[PDB]
Amino acid sequence: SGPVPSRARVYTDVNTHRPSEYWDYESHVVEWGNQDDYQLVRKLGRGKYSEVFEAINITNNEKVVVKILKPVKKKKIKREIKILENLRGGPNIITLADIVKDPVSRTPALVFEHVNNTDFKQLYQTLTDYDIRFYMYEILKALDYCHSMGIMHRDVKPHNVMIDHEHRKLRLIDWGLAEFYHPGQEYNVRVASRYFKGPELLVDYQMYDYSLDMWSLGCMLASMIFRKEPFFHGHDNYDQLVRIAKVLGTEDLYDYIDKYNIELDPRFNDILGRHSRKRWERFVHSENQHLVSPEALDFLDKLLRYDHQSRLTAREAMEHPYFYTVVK
Ligand SMILES: Clc1cc(C[NH2+]CCc2c[nH]cn2)ccc1-c1ccccc1
Ligand SMILES: Cc1cc(O)cc(C(=O)O)c1
């Protein structure tokens with residue numbers, strides 16, 4: 001009689017026990033400040049619906065990041081602002097400093113603390129086993145905090161993680177896809193980035209939770225310790241599940257869909273095939289061995305599981321032997 005319901009194993013009712021003012025973003029009143037305070041310096045990147053700039057705040061001569069948003073959907077903008085305000089000051093959460101609109105354009109813009117990001121393609125070959133453990137723990141601080149505040153980031157990936165390596169500072173950014181978690185709620189599965197999409201999204205299982213973020217974090221860990229980017233290289237959303245099945249095996253995939261009475265889309269019929277469960281050790285090679293250890297593999301095995309409920313929570317992950325060498 002349809003799919004089996006599911007709920008988060010942690011922070012299940014945090015939004016339920018809070019007043020609507022906290023989670024009802026649509027009713028949130030946004031106050032837009034004048035944008036004359038900030039002068040744009042240079043473009044940092046372009047999003048599908050946003051443009052990010054490095055900027056100078058004239059009042060204090062301090063660098064800031066300005067995210068100009070193309071207002072395609074008003075509700076989405078309110079959701080990001082509300083979530084940013086709720087999380088403001090949390091560990092490793094990007095800090096929303098201001099919300100402004102340009103006097104003439106009236107286009108929405110978010111102003112953030114500046115983060116001096118070290119090069120994505122240059123950091124990959126210098127990081128040691130310790131650095132990966134250190135930065136993975138910094139991301140877990142952000143995720144445990146946001147999940148505790150009843151929020152799912154829903155877009156965890158390397159692009160959304162800013163690292164100032166010189167100051168060992170990490171920030172989880174772009175909360176545009178983030179959502180409040182309400183037990184029993186059926187969310188839109190068209191979230192995250194293809195390579196980081198949890199099996200729950202790919203099989204159209206809508207009653208997902210914070211555990212989605214842990215799958216995405218598992219994908220990032222696998223790419224880093226094995227030097228294989230992305231780890232699961234799907235060419236489309238259906239092929240993405242096949243790439244996962246080629247590693248995790250098809251037997252555990254059917255156990256997952258049977259546990260939640262998920263109806264597998266017919267598009268999977270000719271592409272899924274049959275795949276044995278691979279051992280994590282088979283991804284170890286001369287180029288990545290210095291980043292791999294039994295602890296790293298045991299930790300990875302506990303994140304990359306079809307069953308979202310069987311994945312470690314951010315707090316359980318922080319207690320893993322893989323992080324015994326890092327300061328808590
Ligand atoms: Cl090595 C690394 C690099 C990045 C890239 N961040 C730049 C994104 C960006 C560029 N421009 C705007 N945003 C993110 C995460 C990691 C990472 C992953 C696993 C474990 C430790 C670290
Ligand atoms: C500090 C920073 C940089 C960036 O590229 C985007 C954001 C965001 O939150 O989308 C924030």
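Atoms considered below: every heavy atom in the structure, side chains included; atoms not considered: hydrogens, waters and symmetry mates. Along the sequence shown, residues are numbered consecutively beginning with 1. All ligand and atom numbering here is 1-based and tracks the order in the structure.
- Nearest non-hydrogen protein atom to atom 7 (C) of ligand 2 is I173 CD1, 3.7 Å.
- Residue-ligand proximity, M162 to ligand 1, at heavy-atom distances under 4.0 Å covers atoms 9 (C), 11 (N), 12 (C), 13 (N).
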For this session: Would you sort out whether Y137 and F323 count as a side-chain contact (heavy atoms from CB on, under 4.5 Å), showing the intermediate values?
Result: CA-CA 7 Å; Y137 198 84; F323 302 110; 3.7 Å; yes
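- Note on ring orientation: taking the six-membered ring where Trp is involved, the planes of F283 and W280 are tilted (angle from 30° to 60°).
- Residue contacts with ligand 2: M162 is included, with a non-hydrogen atom under 4.0 Å away.
- Atom numbering of ligand 2 starts at 1 in the shown order; those under 4.0 Å from a heavy atom of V65 are 1 (C), 2 (C), 3 (C).
- Only side-chain heavy atoms of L127 come within less than 4.0 Å of ligand 1; its backbone N, CA, C and O stay farther off.
- Nearest to atom 5 (O) of ligand 2 among the protein's heavy atoms is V52 CG1, 3.4 Å.
- Across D174, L44, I163, heavy-atom proximity to atom 2 (C) of ligand 1 is greatest for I163.
- Using a cutoff of 4.0 Å between basic side-chain nitrogens and carboxylate oxygens, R133 and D129 are scored as salt-bridged.
- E54 pairs with exactly one of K43, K67, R42 by the salt bridge (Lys or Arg N to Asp or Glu O under 4.0 Å) rule, that one being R42.
- Under a 4.0 Å N-O distance rule, the pair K78/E26 does not qualify as a salt bridge.
- The pair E316-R9 meets the salt-bridge criterion, with a side-chain N (NZ, NE, NH1 or NH2) lying under 4.0 Å from an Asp/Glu carboxylate O.
- If you check which protein heavy atom lies closest to atom 19 (C) of ligand 1, you get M224 CG, 3.1 Å.
- Residue contacts with ligand 1: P158 is placed with a nitrogen or oxygen under 3.5 Å of a nitrogen or oxygen of the ligand (distance criterion only).
- A salt bridge is defined here as a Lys NZ or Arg NE, NH1 or NH2 lying under 4.0 Å from an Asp or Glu carboxylate O, and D252 with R305 fails to meet this definition.
- Atoms of ligand 2 found under 4.0 Å from any heavy atom of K67 (numbered from 1 in listed order, with element): 10 (O).
- For ligand 1, the atoms closer than 4.0 angstrom to any heavy atom of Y135 are 21 (C), 22 (C).
- The distance criterion of under 3.5 Å between nitrogen or oxygen atoms is met by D174 with respect to ligand 2.
- Looking only at atom types and distance, the side chain of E263 has no donor-acceptor partner in the side chain of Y205 under 3.5 Å away.
- Summarising the contacts of atom 9 (C) of ligand 1 with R133, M136, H159, the nearest heavy atom is found in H159.
- Note on ligand 2: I94 sits in its first shell, one or more heavy atoms being nearer than 4.0 Å.
- We find that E113 and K63 are not joined by a salt bridge, their nearest charged nitrogen and carboxylate oxygen being 4.0 Å or further apart.
- Among all non-hydrogen protein atoms, the one lying nearest atom 6 (N) of ligand 1 is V161 O, 2.6 Å.
- Contacts between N117 and ligand 1 below 4.0 angstrom, taking non-hydrogen atoms only, involve the side chain exclusively.
- Residue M220 has at least one heavy-atom neighbour below 4.0 Å for each of these atoms of ligand 1: 18 (C).
- Contact annotation: the side chain of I139 never approaches that of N92 to less than 4.5 Å [non-hydrogen atoms, C-beta and beyond].
- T118 places a side-chain N or O within donor-acceptor distance of the main-chain N or O of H165, the cut-off being under 3.5 Å.
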